[PDB]
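Below is model17.cif, holding mmCIF, C-alpha atoms.
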data_upload
loop_
_atom_site.label_atom_id
_atom_site.label_comp_id
_atom_site.auth_asym_id
_atom_site.auth_seq_id
_atom_site.Cartn_x
_atom_site.Cartn_y
_atom_site.Cartn_z
CA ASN W 111 13.46 10.07 -7.07
CA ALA W 112 10.20 9.03 -8.74
CA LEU W 113 11.74 5.70 -9.74
CA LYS W 114 13.07 5.47 -6.18
CA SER W 115 9.55 5.85 -4.76
CA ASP W 116 8.30 3.24 -7.24
CA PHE W 117 11.03 0.84 -6.14
CA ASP W 118 10.14 1.41 -2.48
CA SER W 119 6.43 0.76 -2.98
CA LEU W 120 7.35 -2.43 -4.83
CA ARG W 121 9.76 -3.69 -2.16
CA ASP W 122 7.37 -3.12 0.74
CA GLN W 123 4.38 -4.57 -1.09
CA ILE W 124 6.55 -7.68 -1.38
CA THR W 125 6.92 -7.67 2.40
CA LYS W 126 3.13 -7.45 2.72
CA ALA W 127 2.46 -10.24 0.22
CA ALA W 128 5.02 -12.50 1.88
CA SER W 129 3.85 -11.85 5.45
CA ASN W 130 0.18 -12.51 4.65
CA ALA W 131 0.87 -15.99 3.21
CA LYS W 132 -0.09 -18.61 5.80
CA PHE W 133 -2.53 -21.49 6.29
CA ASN W 134 -4.22 -22.03 9.70
CA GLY W 135 -1.52 -19.92 11.32
CA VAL W 136 1.56 -21.61 9.82
CA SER W 137 3.55 -20.84 6.69
CA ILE W 138 6.14 -22.74 4.65
CA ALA W 139 7.43 -19.53 3.05
CA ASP W 140 7.25 -16.79 5.71
CA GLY W 141 10.62 -17.83 7.15
CA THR W 142 9.24 -18.30 10.67
CA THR W 143 10.32 -21.96 10.61
CA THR W 144 12.88 -24.05 8.75
CA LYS W 145 10.44 -26.85 7.84
CA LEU W 146 7.04 -28.43 8.34
CA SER W 147 6.82 -32.12 9.26
CA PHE W 148 3.73 -33.49 7.49
CA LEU W 149 2.58 -37.05 8.14
CA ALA W 150 3.64 -39.79 5.71
CA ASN W 151 2.84 -43.27 7.08
CA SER W 152 0.90 -44.99 9.86
CA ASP W 153 3.99 -45.55 12.04
CA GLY W 154 4.58 -41.81 12.47
CA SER W 155 7.20 -41.25 9.78
CA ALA W 156 6.89 -37.74 8.39
CA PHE W 157 6.96 -36.16 4.93
CA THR W 158 9.53 -33.42 5.50
CA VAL W 159 9.12 -30.23 3.45
CA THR W 160 11.97 -27.73 3.67
CA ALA W 161 10.83 -24.13 4.02
CA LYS W 162 11.62 -21.63 1.25
CA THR W 163 11.64 -18.09 2.66
CA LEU W 164 10.12 -15.47 0.34
CA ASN K 111 -3.31 44.57 -16.76
CA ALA K 112 -5.25 42.24 -19.07
CA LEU K 113 -2.61 39.53 -18.67
CA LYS K 114 -2.54 39.86 -14.88
CA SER K 115 -6.35 39.69 -14.87
CA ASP K 116 -6.35 36.46 -16.87
CA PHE K 117 -3.62 35.24 -14.52
CA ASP K 118 -5.87 35.90 -11.51
CA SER K 119 -8.80 34.15 -13.20
CA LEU K 120 -6.56 31.14 -13.82
CA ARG K 121 -5.31 30.94 -10.23
CA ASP K 122 -8.90 31.30 -9.00
CA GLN K 123 -10.20 28.45 -11.15
CA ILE K 124 -7.28 26.41 -9.79
CA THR K 125 -8.57 27.02 -6.27
CA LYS K 126 -12.04 25.95 -7.38
CA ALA K 127 -10.89 22.72 -9.04
CA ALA K 128 -8.53 21.86 -6.18
CA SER K 129 -11.28 22.35 -3.61
CA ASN K 130 -13.94 20.43 -5.58
CA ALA K 131 -12.03 17.11 -5.75
CA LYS K 132 -13.90 15.10 -3.11
CA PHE K 133 -15.32 11.57 -2.84
CA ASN K 134 -17.96 10.60 -0.23
CA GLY K 135 -16.77 13.46 1.97
CA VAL K 136 -13.04 12.61 1.83
CA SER K 137 -10.19 13.89 -0.35
CA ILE K 138 -6.53 12.91 -0.67
CA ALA K 139 -5.68 16.10 -2.59
CA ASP K 140 -7.68 18.89 -0.87
CA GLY K 141 -5.09 19.13 1.93
CA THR K 142 -7.64 18.78 4.74
CA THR K 143 -5.76 15.77 6.17
CA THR K 144 -2.14 14.62 6.29
CA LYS K 145 -2.90 11.10 5.00
CA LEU K 146 -5.59 8.51 4.30
CA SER K 147 -5.68 4.83 5.26
CA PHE K 148 -7.25 1.66 3.85
CA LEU K 149 -7.41 -1.99 4.85
CA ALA K 150 -4.57 -4.30 3.80
CA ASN K 151 -5.70 -7.66 5.22
CA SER K 152 -8.05 -9.36 7.66
CA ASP K 153 -6.15 -8.45 10.85
CA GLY K 154 -6.58 -4.70 10.29
CA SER K 155 -3.21 -3.55 8.93
CA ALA K 156 -3.43 -0.29 6.98
CA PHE K 157 -2.38 0.69 3.45
CA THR K 158 -1.36 4.31 4.02
CA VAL K 159 -1.68 6.80 1.16
CA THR K 160 0.21 10.01 1.90
CA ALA K 161 -1.71 13.14 0.94
CA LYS K 162 -0.39 15.30 -1.90
CA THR K 163 -2.02 18.71 -1.53
CA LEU K 164 -2.98 20.42 -4.80
#
As structure tokens, the full file:
Amino acid sequence: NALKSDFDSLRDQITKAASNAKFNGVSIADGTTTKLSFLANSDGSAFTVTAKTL
Amino acid sequence: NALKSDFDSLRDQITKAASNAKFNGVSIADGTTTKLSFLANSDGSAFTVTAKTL
């Protein structure tokens, strides 16, 4: 049960560390969105970046 | 009787040491409070530390 409590503290600290990762309110790895569509060229074409949930 | 007297002296020093473990007026081990809390991030989420009375 001591190793169980260790495993639980590890797993929920991972939830904390993943949830707190964001820049100006958006995150590529929180799983809130499937992608972010960053600008690429003057005509409006975007540099797609697929999200990787952590 | 000598052994029970040393036994009482031991259990009394245990009460002393358990009651003297305090930091800036707060203790996680004294048993005065069910838990203690600390900041996790900028928005005010807590990092709870469950008390373990000694």
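The two atoms in question, CA of residue 164 in chain K and CA of residue 143 in chain K, are spaced 12.2 Å apart.
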Residue contacts of range 121-128 of chain K (12 Å, all atoms listed in the file) excluding same-chain residues fewer than 2 positions away, as a PyMOL selection string: chain K and resi 114-119+130-132+137-142+162-164
Mobile chain W placed on reference chain K by ordered C-alpha fit, as a CSV table (one decimal) with C-alpha atoms, in the coordinates of the input:
chain,number,residue,atom,x,y,z
W,111,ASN,CA,-3.3,44.5,-16.6
W,112,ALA,CA,-5.1,42.2,-19.1
W,113,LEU,CA,-2.5,39.5,-18.5
W,114,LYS,CA,-2.9,40.2,-14.8
W,115,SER,CA,-6.6,39.5,-15.0
W,116,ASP,CA,-6.0,36.4,-17.0
W,117,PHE,CA,-3.5,35.2,-14.4
W,118,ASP,CA,-6.0,35.9,-11.6
W,119,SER,CA,-8.8,34.0,-13.3
W,120,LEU,CA,-6.4,31.0,-13.8
W,121,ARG,CA,-5.2,31.0,-10.2
W,122,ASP,CA,-8.7,31.1,-8.6
W,123,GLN,CA,-10.1,28.5,-11.0
W,124,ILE,CA,-7.3,26.3,-9.7
W,125,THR,CA,-8.6,26.9,-6.2
W,126,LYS,CA,-12.1,25.9,-7.4
W,127,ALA,CA,-10.9,22.7,-9.2
W,128,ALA,CA,-8.8,21.7,-6.2
W,129,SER,CA,-11.6,22.3,-3.6
W,130,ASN,CA,-14.2,20.4,-5.5
W,131,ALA,CA,-12.1,17.2,-5.7
W,132,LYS,CA,-13.4,14.7,-3.1
W,133,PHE,CA,-15.1,11.3,-2.8
W,134,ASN,CA,-17.9,10.7,-0.3
W,135,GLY,CA,-16.8,13.7,1.7
W,136,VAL,CA,-13.0,13.0,1.9
W,137,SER,CA,-10.1,14.0,-0.3
W,138,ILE,CA,-6.5,12.8,-0.7
W,139,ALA,CA,-5.5,16.0,-2.4
W,140,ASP,CA,-7.5,18.9,-0.8
W,141,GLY,CA,-5.0,19.2,2.0
W,142,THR,CA,-7.6,18.7,4.7
W,143,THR,CA,-5.7,15.7,6.0
W,144,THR,CA,-2.2,14.3,5.8
W,145,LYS,CA,-3.2,10.8,4.8
W,146,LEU,CA,-5.9,8.2,4.4
W,147,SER,CA,-5.6,4.8,6.0
W,148,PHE,CA,-7.2,2.3,3.6
W,149,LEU,CA,-7.6,-1.3,4.7
W,150,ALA,CA,-4.9,-3.8,3.6
W,151,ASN,CA,-5.3,-7.2,5.4
W,152,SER,CA,-7.8,-9.1,7.6
W,153,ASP,CA,-5.9,-8.3,10.8
W,154,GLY,CA,-6.5,-4.6,10.5
W,155,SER,CA,-3.2,-3.5,8.9
W,156,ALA,CA,-3.8,-0.5,6.7
W,157,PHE,CA,-2.6,0.6,3.2
W,158,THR,CA,-1.3,4.1,4.0
W,159,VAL,CA,-1.6,6.7,1.2
W,160,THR,CA,0.2,10.0,1.9
W,161,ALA,CA,-1.9,13.0,0.9
W,162,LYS,CA,-0.6,15.3,-1.9
W,163,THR,CA,-2.1,18.7,-1.6
W,164,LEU,CA,-3.0,20.4,-4.9
query: What are the residues of chain K that have an atom within 12 Å of an atom of chain W, counting all atoms listed in the file, as a count of residues only?
result: 10
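Note that CA of residue 144 in chain K and CA of residue 120 in chain W are 22.5 Å apart.
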- request: Record the distance separating CA of residue 136 in chain K and CA of residue 161 in chain K, expressed in Å with one decimal.
  value: 11.4 Å
Using the partial input, fill out range 138-163 of chain W with N, CA, C and O atoms; write the result as a CSV table (one decimal), in the frame of the given file.
chain,number,residue,atom,x,y,z
W,138,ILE,N,4.9,-22.1,5.2
W,138,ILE,CA,6.1,-22.7,4.6
W,138,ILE,C,7.1,-21.7,4.0
W,138,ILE,O,8.2,-22.1,3.7
W,139,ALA,N,6.6,-20.5,3.8
W,139,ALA,CA,7.4,-19.5,3.0
W,139,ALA,C,7.6,-18.2,3.7
W,139,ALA,O,8.1,-17.2,3.1
W,140,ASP,N,7.1,-18.0,5.0
W,140,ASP,CA,7.2,-16.8,5.7
W,140,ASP,C,8.6,-16.7,6.3
W,140,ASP,O,9.1,-15.6,6.6
W,141,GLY,N,9.3,-17.8,6.5
W,141,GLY,CA,10.6,-17.8,7.2
W,141,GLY,C,10.6,-18.0,8.7
W,141,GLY,O,11.6,-18.0,9.3
W,142,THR,N,9.4,-18.1,9.2
W,142,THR,CA,9.2,-18.3,10.7
W,142,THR,C,9.9,-19.6,11.1
W,142,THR,O,10.4,-19.7,12.2
W,143,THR,N,9.8,-20.7,10.3
W,143,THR,CA,10.3,-22.0,10.6
W,143,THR,C,11.1,-22.5,9.4
W,143,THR,O,10.9,-22.1,8.3
W,144,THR,N,12.0,-23.4,9.8
W,144,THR,CA,12.9,-24.0,8.8
W,144,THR,C,12.2,-25.2,8.0
W,144,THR,O,12.7,-25.5,6.9
W,145,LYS,N,11.1,-25.7,8.5
W,145,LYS,CA,10.4,-26.8,7.8
W,145,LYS,C,9.1,-27.1,8.5
W,145,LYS,O,8.8,-26.6,9.6
W,146,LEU,N,8.3,-27.9,7.8
W,146,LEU,CA,7.0,-28.4,8.3
W,146,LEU,C,7.1,-29.9,8.2
W,146,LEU,O,7.5,-30.4,7.1
W,147,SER,N,6.7,-30.7,9.2
W,147,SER,CA,6.8,-32.1,9.3
W,147,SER,C,5.5,-32.8,9.1
W,147,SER,O,4.8,-33.2,10.1
W,148,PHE,N,5.0,-32.9,7.8
W,148,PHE,CA,3.7,-33.5,7.5
W,148,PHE,C,3.8,-35.0,7.6
W,148,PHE,O,4.8,-35.6,7.3
W,149,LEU,N,2.6,-35.6,7.9
W,149,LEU,CA,2.6,-37.0,8.1
W,149,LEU,C,2.8,-37.8,6.8
W,149,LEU,O,2.4,-37.3,5.8
W,150,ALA,N,3.4,-39.0,6.9
W,150,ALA,CA,3.6,-39.8,5.7
W,150,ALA,C,3.2,-41.2,5.8
W,150,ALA,O,2.8,-41.8,4.8
W,151,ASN,N,3.2,-41.9,7.0
W,151,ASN,CA,2.8,-43.3,7.1
W,151,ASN,C,2.3,-43.5,8.5
W,151,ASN,O,2.5,-42.7,9.4
W,152,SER,N,1.6,-44.7,8.6
W,152,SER,CA,0.9,-45.0,9.9
W,152,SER,C,1.8,-45.1,11.1
W,152,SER,O,1.3,-44.9,12.2
W,153,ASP,N,3.1,-45.4,10.9
W,153,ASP,CA,4.0,-45.6,12.0
W,153,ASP,C,4.5,-44.2,12.6
W,153,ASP,O,5.1,-44.2,13.7
W,154,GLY,N,4.1,-43.1,12.0
W,154,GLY,CA,4.6,-41.8,12.5
W,154,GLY,C,5.7,-41.2,11.7
W,154,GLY,O,6.1,-40.0,12.0
W,155,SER,N,6.2,-41.9,10.7
W,155,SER,CA,7.2,-41.2,9.8
W,155,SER,C,6.6,-40.1,9.1
W,155,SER,O,5.4,-40.1,8.6
W,156,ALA,N,7.4,-39.0,8.9
W,156,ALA,CA,6.9,-37.7,8.4
W,156,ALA,C,7.4,-37.4,7.0
W,156,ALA,O,8.5,-37.9,6.6
W,157,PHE,N,6.6,-36.7,6.2
W,157,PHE,CA,7.0,-36.2,4.9
W,157,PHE,C,7.5,-34.8,5.1
W,157,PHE,O,6.8,-33.8,5.2
W,158,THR,N,8.9,-34.7,5.3
W,158,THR,CA,9.5,-33.4,5.5
W,158,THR,C,9.4,-32.5,4.3
W,158,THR,O,9.6,-33.0,3.1
W,159,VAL,N,9.2,-31.2,4.5
W,159,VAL,CA,9.1,-30.2,3.4
W,159,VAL,C,9.9,-29.0,3.9
W,159,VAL,O,9.5,-28.3,4.8
W,160,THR,N,11.1,-28.8,3.3
W,160,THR,CA,12.0,-27.7,3.7
W,160,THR,C,11.3,-26.4,3.3
W,160,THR,O,10.7,-26.2,2.3
W,161,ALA,N,11.4,-25.4,4.3
W,161,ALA,CA,10.8,-24.1,4.0
W,161,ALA,C,11.7,-23.3,3.0
W,161,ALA,O,12.9,-23.5,3.0
W,162,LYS,N,11.0,-22.5,2.2
W,162,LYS,CA,11.6,-21.6,1.2
W,162,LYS,C,11.2,-20.2,1.6
W,162,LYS,O,10.1,-19.8,1.2
W,163,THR,N,12.0,-19.4,2.3
W,163,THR,CA,11.6,-18.1,2.7
W,163,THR,C,11.5,-17.2,1.4
W,163,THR,O,12.3,-17.2,0.5
